[PDB]
Amino acid sequence: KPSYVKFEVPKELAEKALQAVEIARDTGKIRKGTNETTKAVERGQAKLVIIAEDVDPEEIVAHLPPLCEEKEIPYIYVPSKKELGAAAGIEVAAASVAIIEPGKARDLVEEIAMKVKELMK
Amino acid sequence: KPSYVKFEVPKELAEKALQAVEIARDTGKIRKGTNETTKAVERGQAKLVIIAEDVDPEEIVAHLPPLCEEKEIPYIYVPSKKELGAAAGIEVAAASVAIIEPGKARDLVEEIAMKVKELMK
Amino acid sequence: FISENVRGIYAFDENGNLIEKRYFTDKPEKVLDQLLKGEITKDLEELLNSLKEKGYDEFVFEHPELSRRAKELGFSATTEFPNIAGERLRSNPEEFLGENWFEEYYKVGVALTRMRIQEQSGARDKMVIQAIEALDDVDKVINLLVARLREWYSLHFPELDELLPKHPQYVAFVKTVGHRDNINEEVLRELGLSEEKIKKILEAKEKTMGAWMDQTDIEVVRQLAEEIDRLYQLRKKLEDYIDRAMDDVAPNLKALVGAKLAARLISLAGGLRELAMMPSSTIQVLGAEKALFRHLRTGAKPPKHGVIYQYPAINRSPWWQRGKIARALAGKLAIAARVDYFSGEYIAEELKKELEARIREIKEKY
Amino acid sequence: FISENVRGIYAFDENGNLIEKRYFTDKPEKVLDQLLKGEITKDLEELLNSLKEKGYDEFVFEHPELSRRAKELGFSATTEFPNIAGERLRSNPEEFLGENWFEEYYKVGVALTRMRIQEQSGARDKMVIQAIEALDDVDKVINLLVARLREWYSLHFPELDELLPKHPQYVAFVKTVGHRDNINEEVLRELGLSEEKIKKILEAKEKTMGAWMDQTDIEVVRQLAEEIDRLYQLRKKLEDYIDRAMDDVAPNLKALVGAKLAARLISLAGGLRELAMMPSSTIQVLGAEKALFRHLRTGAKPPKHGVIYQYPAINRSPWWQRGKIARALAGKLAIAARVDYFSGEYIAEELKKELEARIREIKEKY
RNA sequence: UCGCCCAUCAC
RNA sequence: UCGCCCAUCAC
RNA sequence: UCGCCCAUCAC
RNA sequence: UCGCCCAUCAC
């Protein structure tokens with residue numbers, strides 16, 4: 001279990017955020033990998049960010065939670081970087097993924113944001 | 001004026017050290033350049049060592065005086081690295097030259113060692 | 001709970017009264033940049049441990065990352081920027097630093113702005129030597145133009161030359177006065193002259209034997225004095241440059257290869273004297289270990305390289321280049337070790353440029 | 001005048017009488033390593049200030065390079081190894097140190113000799129966590145094999161088990177004394193037992209209830225005690241490693257890109273916080289100067305690299321690879337900054353090994 | 001090609 | 001049970 | 001391809 | 001009085 005987590009979660013919200021990546025990818029606008037996540041994070045444009053629980057070394061994503069406080073955007077975690085890469089359609093892994101436009105998934109990303117604002121508190 | 005020329009050299013013996021290089025060149029056993037000088041200055045029985053007066057940075061040959069005080073060997077110097085290379089018989093330069101056997105130069109090395117030991121005293 | 005400003009460090013309670021205050025044990029800009037960017041320093045560390053001795057267990061600071069380092073140091077730490085310690089100090093600074101407070105804020109703000117950029121020379125002491133030669137050359141040309149300024153202004157007020165011996169006081173007088181009827185008790189007392197010196201000058205202005213320069217002429221002699229006060233300001237910029245430049249001092253082996261190889265070559269020679277007494281054609285093979293040993297005992301294959309193998313152009317390149325770079329690197333290292341032991345003077349950006357150039361030559365060759 | 005020693009540093013007169021001697025204010029094994037390889041230390045700075053304030057100037061030392069650091073710093077220093085200070089102090093320590101002087105020579109001399117080898121692991125905090133588990137697993141095997149030793153030896157002399165409960169003392173009894181009819185009053189004091197413990201044990205020599213082991217039955221129980229003795233020596237080998245290696249700390253950027261380049265890159269980002277926040281695509285172009293300006297303002301081609309061009313595998317390197325290496329360098333650099341800033345652990349030789357694999361693959365591809 | 005010191009063990 | 005020579009590929 | 005702050009030289 | 005681009009070459 002990594003250092004950078006701020007609140008506990010079950011598979012609840014996390015399986016729904018992985019499901020949101022699986023439909024934002026081909027109905028909306030998305031980027032994958034942590035330096036593209038970090039570009040869309042630093043210049044604000046990522047509406048939701050998803051990070052892995054098994055990054056190794058763990059330190060490469062450790063900026064994404066406090067930097068999402070500094071710019072005021074919601075953030076969430078998921079249990080394996082290879083499965084996050086496969087949800088983002090690529091054949092390697094991804095330590096993080098960024099949503100720029102939810103496409104069809106707006107009510108779903110708004111549920112995730114509204115329920116993550118119960119935990120960032 | 002560099003820190004390694006620790007005694008004032010007169011209008012004598014300097015040309016005799018240049019001559020000792022010239023005649024050891026085909027008749028003795030001899031090394032040229034400062035790293036080959038350094039190993040033949042540590043190892044076996046060197047007889048004399050010669051340095052240029054214009055070595056810059058001075059630090060590269062600044063080790064040769066204290067290295068001669070640990071091991072009971074005489075040293076002397078001549079006005080130019082380009083002339084010391086030409087005395088060794090190479091068309092580049094040399095910062096220093098070392099004598100392992102004097103060949104023809106044996107009476108020159110004996111006169112230089114006798115006169116320098118009572119100069120520095 | 002705790003807050004910091006230009007002159008010190010302050011702890012106030014959750015009702016709003018002072019518990020303890022400290023002042024910095026190093027120059028304020030140098031300590032405040034660390035506390036501003038979010039990292040801990042010994043003076044804030046000694047205050048927060050005084051609050052821990054006084055029995056306070058929970059802490060509230062201003063900066064989110066100084067708060068992050070404070071919990072990593074073993075404390076119940078959090079962040080709230082509007083808290084009473086900082087809110088009081090920034091609302092009523094005249095209660096804590098007095099009715100001059102903005103002058104100390106100014107003196108450190110401009111110094112922090114001079115500090116928030118990096119400083120790294122290849123020749124810092126040689127630049128200081130040229131600044132020292134510039135300081136004698138500047139004083140020498142000030143003396144030259146002051147000799148012309150004395151002689152030319154003596155056409156229009158000849159009594160002044162014996163009366164103002166101090167050269168910058170003659171320069172600033174001619175800079176601000178220009179024409180001799182702009183002389184008043186007020187401007188001489190602003191220029192900081194004594195009531196005695198002002199009992200003369202004015203006495204001489206009413207009786208001078210000097211000639212007449214027009215308004216169109218005497219401004220040229222005023223401009224000559226103004227450019228000499230430019231030169232006197234450059235004189236201080238040279239003195240103040242050296243006062244900074246004498247902080248950037250370093251060893252050469254740390255820059256040419258860095259600690260992983262520098263401390264290995266020192267340890268495999270047994271010490272830094274011994275490394276400086278070694279040839280390039282042994283520095284090449286220091287820490288070849290089993291390869292040097294059996295090249296001796298059994299007459300085996302000569303070692304191509306020792307602990308230098310993990311250099312930025314050996315363990316990562318074609319065999320053609322691996323052998324050639326190893327001895328060239330050991331040459332430049334045999335220079336660098338002798339510099340760092342026998343003199344300690346910094347040249348390592350040139351030792352880097354020569355090892356860029358010889359490896360570029362190995363590139364045009366191979 | 002000066003003489004150089006383990007039981008502090010000493011000063012003597014031209015006639016060979018003592019003036020003063022002072023004891024050390026850092027760990028004496030580190031103070032001897034400096035003074036023996038010829039660099040001067042704080043307690044000798046104080047002794048020569050004492051010698052100056054007494055009214056002497058003729059500061060003859062034993063060592064040439066210690067005397068070099070002294071006169072290079074500004075002191076009136078010379079050198080004679082057989083000078084009257086060393087010729088007195090090393091002829092009879094009894095007059096100056098006390099009669100047990102050889103204990104103080106011994107305890108620092110063996111420590112200096114154990115210490116004269118340099119250290120550079122790649123991820124040493126992880127390589128010490130495995131020794132903390134080795135300490136947990138070593139007491140775990142001792143607390144297993146000594147249970148077998150207790151149960152087996154209690155067949156022959158059960159009157160000892162509840163009486164020597166501390167496991168090393170029971171192992172030392174079974175190793176060194178062994179067979180129960182060897183037990184006498186003198187060998188129990190040669191084992192370090194007290195009279196209160198020796199009233200018991202001897203109580204049982206005449207009246208034990210244990211059943212007989214023969215001369216080479218007790219031998220295999222002694223072999224087990226002789227191997228468990230080495231597991232207590234292995235516990236010392238781990239205790240002496242943990243006391244040396246668990247105090248290490250090293251920055252990552254300082255090893256991955258070298259100290260001067262790391263320190264520069266931290267300021268083109270504004271801070272180490274920013275270098276630990278920013279993306280690799282921006283970290284790639286930091287401080288490119290007017291090449292970045294014309295890419296933004298004039299719409300030119302993006303710069304391939306900023307200040308990372310000074311990296312020792314980009315600066316010398318041919319064009320085909322310079323861009324490919326700059327991209328992977330900016331990623332691995334962003335990782336090293338995140339480790340130094342969020343974690344404060346060390347992995348820099350792993351981060352180098354990965355970039356070195358990518359550089360080898362760049363040669364293997366192009 | 002040729003020697004010198006070193007731990008641990010044998011026929 | 002093990003070594004040596006020559007030719008050859010990747011970095 | 002475009003925005004603003006800003007020095008310096010000039011009409 | 002000032003600027004740009006294709007092909008080829010190099011670190």
# chains A, B, ... in the order shown; residues from 1 in each chain; ligands from 1
>>> calpha_fit_rmsd(fixed="chain A", moving="chain B")
1.0 Å
>>> calpha_fit_rmsd(fixed="chain D", moving="chain C")
1.2 Å
>>> select_by_dssp(residues="stretch 16-109 of chain A", states="strand (DSSP E or B)", output="PyMOL selection string")
chain A and resi 29-32+48-52+75-78+96-101
>>> write_last_selection(atoms="N, CA, C and O atoms", output="short mmCIF file (atom, residue, chain, number, x, y, z; two decimals), in the first residue's frame")
data_model
loop_
_atom_site.label_atom_id
_atom_site.label_comp_id
_atom_site.auth_asym_id
_atom_site.auth_seq_id
_atom_site.Cartn_x
_atom_site.Cartn_y
_atom_site.Cartn_z
N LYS A 29 -12.82 12.79 -24.44
CA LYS A 29 -11.40 13.19 -24.59
C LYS A 29 -10.58 12.74 -23.37
O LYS A 29 -10.94 13.07 -22.23
N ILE A 30 -9.47 12.03 -23.60
CA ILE A 30 -8.68 11.36 -22.56
C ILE A 30 -7.16 11.43 -22.85
O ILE A 30 -6.76 11.48 -24.01
N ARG A 31 -6.33 11.36 -21.81
CA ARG A 31 -4.88 11.08 -21.90
C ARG A 31 -4.44 10.03 -20.87
O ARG A 31 -5.11 9.84 -19.85
N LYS A 32 -3.33 9.35 -21.14
CA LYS A 32 -2.84 8.16 -20.42
C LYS A 32 -1.32 8.21 -20.19
O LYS A 32 -0.59 8.71 -21.04
N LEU A 48 -11.16 14.99 -14.00
CA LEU A 48 -10.99 13.86 -13.08
C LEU A 48 -9.66 13.17 -13.40
O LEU A 48 -9.32 12.99 -14.58
N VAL A 49 -8.92 12.77 -12.36
CA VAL A 49 -7.69 11.98 -12.49
C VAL A 49 -7.80 10.65 -11.73
O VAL A 49 -8.34 10.60 -10.62
N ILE A 50 -7.28 9.59 -12.34
CA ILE A 50 -7.28 8.22 -11.83
C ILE A 50 -5.82 7.76 -11.71
O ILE A 50 -5.08 7.86 -12.69
N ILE A 51 -5.40 7.24 -10.55
CA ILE A 51 -4.02 6.77 -10.29
C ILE A 51 -4.01 5.31 -9.78
O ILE A 51 -5.00 4.84 -9.23
N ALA A 52 -2.91 4.58 -9.95
CA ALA A 52 -2.81 3.19 -9.50
C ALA A 52 -2.40 3.03 -8.01
O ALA A 52 -1.79 3.92 -7.42
N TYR A 75 -9.74 13.63 -7.40
CA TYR A 75 -8.79 12.54 -7.67
C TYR A 75 -9.23 11.21 -7.02
O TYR A 75 -9.84 11.21 -5.95
N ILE A 76 -8.92 10.07 -7.65
CA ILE A 76 -9.27 8.72 -7.16
C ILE A 76 -8.21 7.67 -7.54
O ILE A 76 -7.43 7.89 -8.47
N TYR A 77 -8.17 6.54 -6.83
CA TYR A 77 -7.21 5.45 -7.05
C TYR A 77 -7.87 4.11 -7.44
O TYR A 77 -9.04 3.88 -7.12
N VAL A 78 -7.12 3.23 -8.12
CA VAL A 78 -7.55 1.90 -8.61
C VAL A 78 -6.45 0.82 -8.43
O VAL A 78 -5.26 1.14 -8.46
N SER A 96 -1.10 6.47 -14.20
CA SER A 96 -2.30 7.31 -14.12
C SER A 96 -2.98 7.61 -15.48
O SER A 96 -2.39 7.44 -16.55
N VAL A 97 -4.23 8.07 -15.42
CA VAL A 97 -5.10 8.45 -16.56
C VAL A 97 -5.88 9.73 -16.22
O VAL A 97 -6.31 9.91 -15.08
N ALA A 98 -6.09 10.60 -17.21
CA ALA A 98 -6.75 11.90 -17.06
C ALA A 98 -7.95 12.07 -18.02
O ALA A 98 -7.81 11.87 -19.23
N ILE A 99 -9.10 12.48 -17.48
CA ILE A 99 -10.31 12.81 -18.25
C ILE A 99 -10.34 14.31 -18.56
O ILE A 99 -10.40 15.12 -17.63
N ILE A 100 -10.32 14.70 -19.83
CA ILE A 100 -10.42 16.10 -20.27
C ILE A 100 -11.88 16.46 -20.59
O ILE A 100 -12.37 17.53 -20.22
N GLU A 101 -12.61 15.54 -21.22
CA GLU A 101 -14.05 15.68 -21.50
C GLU A 101 -14.74 14.32 -21.34
O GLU A 101 -14.36 13.38 -22.04
#
>>> closest_atom_pairs(of="chain D", to="chain C", cutoff="6 Å", atoms="only C-alpha atoms", output="CSV")
residue,atom,partner,partner_atom,distance
D:118,CA,C:267,CA,5.9
D:258,CA,C:258,CA,5.8
D:264,CA,C:118,CA,6.0
D:267,CA,C:118,CA,5.9
D:313,CA,C:312,CA,5.4
D:316,CA,C:356,CA,4.9
D:360,CA,C:316,CA,5.1
>>> residues_around(residues="residue C:49", least_positions_apart="2", cutoff="12 Å", atoms="only C-alpha atoms (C1' of nucleotides)", output="PyMOL selection string")
chain C and resi 2+11+20+42-47+51-59+70+73-75
>>> residues_around(residues="residue D:245", least_positions_apart="4", cutoff="8 Å", atoms="only C-alpha atoms (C1' of nucleotides)", output="ChimeraX atom specification")
/D:124,128,241
>>> select_by_dssp(residues="stretch 15-103 of chain C", states="alpha helix (DSSP H)", output="ChimeraX atom specification")
/C:28-37,42-53,64-72,84-91,102-103
>>> decode(residues="stretch 92-127 of chain D", atoms="N, CA and C atoms", output="PDB file, in the first residue's frame")
ATOM      1  N   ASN D  92      58.542   7.307  26.071  1.00  0.00           N
ATOM      2  CA  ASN D  92      57.896   6.919  27.322  1.00  0.00           C
ATOM      3  C   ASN D  92      56.506   7.556  27.518  1.00  0.00           C
ATOM      4  N   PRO D  93      55.429   6.900  27.045  1.00  0.00           N
ATOM      5  CA  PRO D  93      54.059   7.354  27.285  1.00  0.00           C
ATOM      6  C   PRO D  93      53.667   7.422  28.770  1.00  0.00           C
ATOM      7  N   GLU D  94      54.354   6.692  29.656  1.00  0.00           N
ATOM      8  CA  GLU D  94      54.044   6.600  31.091  1.00  0.00           C
ATOM      9  C   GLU D  94      54.077   7.975  31.787  1.00  0.00           C
ATOM     10  N   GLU D  95      55.017   8.843  31.398  1.00  0.00           N
ATOM     11  CA  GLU D  95      55.163  10.212  31.921  1.00  0.00           C
ATOM     12  C   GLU D  95      53.978  11.138  31.571  1.00  0.00           C
ATOM     13  N   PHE D  96      53.131  10.776  30.595  1.00  0.00           N
ATOM     14  CA  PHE D  96      52.147  11.685  29.981  1.00  0.00           C
ATOM     15  C   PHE D  96      50.714  11.123  29.884  1.00  0.00           C
ATOM     16  N   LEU D  97      50.556   9.833  29.565  1.00  0.00           N
ATOM     17  CA  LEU D  97      49.269   9.187  29.262  1.00  0.00           C
ATOM     18  C   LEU D  97      48.676   8.401  30.447  1.00  0.00           C
ATOM     19  N   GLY D  98      49.517   7.899  31.360  1.00  0.00           N
ATOM     20  CA  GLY D  98      49.167   6.895  32.379  1.00  0.00           C
ATOM     21  C   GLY D  98      49.542   5.463  31.960  1.00  0.00           C
ATOM     22  N   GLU D  99      49.664   4.532  32.915  1.00  0.00           N
ATOM     23  CA  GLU D  99      50.246   3.196  32.663  1.00  0.00           C
ATOM     24  C   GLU D  99      49.408   2.288  31.737  1.00  0.00           C
ATOM     25  N   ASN D 100      48.082   2.472  31.661  1.00  0.00           N
ATOM     26  CA  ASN D 100      47.200   1.693  30.777  1.00  0.00           C
ATOM     27  C   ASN D 100      47.055   2.246  29.340  1.00  0.00           C
ATOM     28  N   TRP D 101      47.981   3.101  28.882  1.00  0.00           N
ATOM     29  CA  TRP D 101      47.968   3.747  27.555  1.00  0.00           C
ATOM     30  C   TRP D 101      47.708   2.799  26.370  1.00  0.00           C
ATOM     31  N   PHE D 102      48.152   1.542  26.466  1.00  0.00           N
ATOM     32  CA  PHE D 102      47.979   0.532  25.418  1.00  0.00           C
ATOM     33  C   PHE D 102      46.505   0.124  25.198  1.00  0.00           C
ATOM     34  N   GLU D 103      45.619   0.275  26.195  1.00  0.00           N
ATOM     35  CA  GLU D 103      44.162   0.093  26.023  1.00  0.00           C
ATOM     36  C   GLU D 103      43.580   1.161  25.078  1.00  0.00           C
ATOM     37  N   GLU D 104      44.066   2.402  25.185  1.00  0.00           N
ATOM     38  CA  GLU D 104      43.585   3.532  24.386  1.00  0.00           C
ATOM     39  C   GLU D 104      44.140   3.507  22.956  1.00  0.00           C
ATOM     40  N   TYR D 105      45.402   3.091  22.793  1.00  0.00           N
ATOM     41  CA  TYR D 105      45.972   2.731  21.491  1.00  0.00           C
ATOM     42  C   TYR D 105      45.156   1.612  20.815  1.00  0.00           C
ATOM     43  N   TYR D 106      44.881   0.517  21.535  1.00  0.00           N
ATOM     44  CA  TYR D 106      44.185  -0.659  21.003  1.00  0.00           C
ATOM     45  C   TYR D 106      42.775  -0.321  20.504  1.00  0.00           C
ATOM     46  N   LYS D 107      41.946   0.308  21.352  1.00  0.00           N
ATOM     47  CA  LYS D 107      40.508   0.480  21.076  1.00  0.00           C
ATOM     48  C   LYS D 107      40.211   1.412  19.896  1.00  0.00           C
ATOM     49  N   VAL D 108      41.108   2.358  19.595  1.00  0.00           N
ATOM     50  CA  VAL D 108      40.996   3.255  18.428  1.00  0.00           C
ATOM     51  C   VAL D 108      41.735   2.691  17.209  1.00  0.00           C
ATOM     52  N   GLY D 109      42.898   2.051  17.385  1.00  0.00           N
ATOM     53  CA  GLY D 109      43.679   1.486  16.276  1.00  0.00           C
ATOM     54  C   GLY D 109      42.925   0.399  15.503  1.00  0.00           C
ATOM     55  N   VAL D 110      42.298  -0.548  16.213  1.00  0.00           N
ATOM     56  CA  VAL D 110      41.473  -1.587  15.568  1.00  0.00           C
ATOM     57  C   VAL D 110      40.222  -1.002  14.892  1.00  0.00           C
ATOM     58  N   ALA D 111      39.656   0.082  15.437  1.00  0.00           N
ATOM     59  CA  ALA D 111      38.507   0.772  14.854  1.00  0.00           C
ATOM     60  C   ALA D 111      38.876   1.514  13.557  1.00  0.00           C
ATOM     61  N   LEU D 112      40.009   2.230  13.530  1.00  0.00           N
ATOM     62  CA  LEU D 112      40.547   2.870  12.322  1.00  0.00           C
ATOM     63  C   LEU D 112      40.791   1.836  11.211  1.00  0.00           C
ATOM     64  N   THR D 113      41.434   0.715  11.543  1.00  0.00           N
ATOM     65  CA  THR D 113      41.716  -0.366  10.586  1.00  0.00           C
ATOM     66  C   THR D 113      40.443  -1.053  10.078  1.00  0.00           C
ATOM     67  N   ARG D 114      39.408  -1.224  10.918  1.00  0.00           N
ATOM     68  CA  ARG D 114      38.082  -1.705  10.475  1.00  0.00           C
ATOM     69  C   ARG D 114      37.333  -0.674   9.602  1.00  0.00           C
ATOM     70  N   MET D 115      37.673   0.613   9.705  1.00  0.00           N
ATOM     71  CA  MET D 115      36.980   1.735   9.053  1.00  0.00           C
ATOM     72  C   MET D 115      37.592   2.184   7.713  1.00  0.00           C
ATOM     73  N   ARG D 116      38.863   1.865   7.417  1.00  0.00           N
ATOM     74  CA  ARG D 116      39.610   2.324   6.217  1.00  0.00           C
ATOM     75  C   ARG D 116      39.185   1.686   4.872  1.00  0.00           C
ATOM     76  N   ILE D 117      37.887   1.437   4.677  1.00  0.00           N
ATOM     77  CA  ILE D 117      37.287   1.012   3.402  1.00  0.00           C
ATOM     78  C   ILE D 117      35.958   1.752   3.138  1.00  0.00           C
ATOM     79  N   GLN D 118      35.881   2.414   1.977  1.00  0.00           N
ATOM     80  CA  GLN D 118      34.776   3.289   1.556  1.00  0.00           C
ATOM     81  C   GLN D 118      33.526   2.497   1.139  1.00  0.00           C
ATOM     82  N   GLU D 119      32.361   3.143   1.184  1.00  0.00           N
ATOM     83  CA  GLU D 119      31.042   2.533   1.010  1.00  0.00           C
ATOM     84  C   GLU D 119      30.152   3.238  -0.024  1.00  0.00           C
ATOM     85  N   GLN D 120      29.595   2.484  -0.975  1.00  0.00           N
ATOM     86  CA  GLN D 120      28.730   3.006  -2.039  1.00  0.00           C
ATOM     87  C   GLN D 120      27.793   1.913  -2.600  1.00  0.00           C
ATOM     88  N   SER D 121      26.837   1.453  -1.788  1.00  0.00           N
ATOM     89  CA  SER D 121      25.706   0.652  -2.291  1.00  0.00           C
ATOM     90  C   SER D 121      24.731   1.501  -3.118  1.00  0.00           C
ATOM     91  N   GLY D 122      23.871   0.837  -3.892  1.00  0.00           N
ATOM     92  CA  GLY D 122      22.930   1.470  -4.819  1.00  0.00           C
ATOM     93  C   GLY D 122      21.563   1.833  -4.237  1.00  0.00           C
ATOM     94  N   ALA D 123      21.075   1.068  -3.253  1.00  0.00           N
ATOM     95  CA  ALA D 123      19.779   1.279  -2.593  1.00  0.00           C
ATOM     96  C   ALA D 123      19.830   0.872  -1.106  1.00  0.00           C
ATOM     97  N   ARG D 124      20.733   1.506  -0.338  1.00  0.00           N
ATOM     98  CA  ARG D 124      21.185   0.937   0.945  1.00  0.00           C
ATOM     99  C   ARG D 124      20.115   0.873   2.037  1.00  0.00           C
ATOM    100  N   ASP D 125      19.064   1.695   2.008  1.00  0.00           N
ATOM    101  CA  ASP D 125      17.999   1.582   3.014  1.00  0.00           C
ATOM    102  C   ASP D 125      17.262   0.232   2.911  1.00  0.00           C
ATOM    103  N   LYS D 126      17.002  -0.251   1.687  1.00  0.00           N
ATOM    104  CA  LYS D 126      16.452  -1.592   1.409  1.00  0.00           C
ATOM    105  C   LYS D 126      17.434  -2.703   1.801  1.00  0.00           C
ATOM    106  N   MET D 127      18.720  -2.493   1.516  1.00  0.00           N
ATOM    107  CA  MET D 127      19.822  -3.417   1.841  1.00  0.00           C
ATOM    108  C   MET D 127      20.187  -3.429   3.344  1.00  0.00           C
TER     109      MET D 127
END
